[PDB]
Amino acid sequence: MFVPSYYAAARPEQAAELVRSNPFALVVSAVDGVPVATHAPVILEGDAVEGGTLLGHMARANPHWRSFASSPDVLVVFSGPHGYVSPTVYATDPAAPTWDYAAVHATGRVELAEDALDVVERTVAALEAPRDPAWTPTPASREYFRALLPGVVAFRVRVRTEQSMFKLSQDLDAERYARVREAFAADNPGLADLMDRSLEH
């Protein structure tokens, strides 16, 4: 990921907020020399991505985690709202398209987590908290979680470096920016909201 200065986060908390809002992540490691990726729910422990700790899990039957034993470096990609920007939206005569998006990339050493129960229970808590209503695991469901643990592998990543991209057209002039934000208002409310938040100072 390369992040041009004008697409950097306006405030550092924006990276953590993107991570928390988009927990279904891509966990990537270099099995041999080839990249291999698993889609998995990953949560953040700590106030900031940099220096924070990521917690995730996958199927034990997914052999990806077996490469994690050597504690190699992994990349976790969190992707927020995104959308194609067609030059039709600009209404200007020389133009080229782009794609607007926001993403956080976290890199660090992965470690298998012995407390797989705690990881999945924390993941439930995080993902359900903003739903209306939030699902509260019953005692029966918590005993179920315990019974399921042989089939799951949890892992932790201590974040050594992170980058965040907020590519949200903030380099356009006022009229063209207004057209882009307006065009995303109906079809892509999530992207328009991120657009609004990127200009809040």
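All residue numbers refer to positions in the sequence shown, first residue = 1.
- The PDB entry records a higher mean C-alpha B factor for 86 to 94 than for its counterpart among 100 to 108 and 86 to 94.
- Once the C-alpha B-factors are averaged per stretch, 21 to 29 and 7 to 15 rank with 7 to 15 first.
- Each of 66, 167, 39, 57 has a CA temperature factor in the record; the biggest one is found at 66.
- Sort the chain's modelled residues by C-alpha temperature factor and residue 119 lands in the middle third, per the entry.
- Residue-level temperature factors show residue 72 in the highest third of its chain, judged at the C-alpha atom.
- When all modelled residues of the chain are sorted by CA temperature factor, residue 192 is found within the middle third.
- In the PDB entry, a CA B factor belonging to the highest third of its chain's modelled residues is recorded for residue 132.
- Sort the modelled residues of the chain by CA B factor and residue 49 lands in the middle third.
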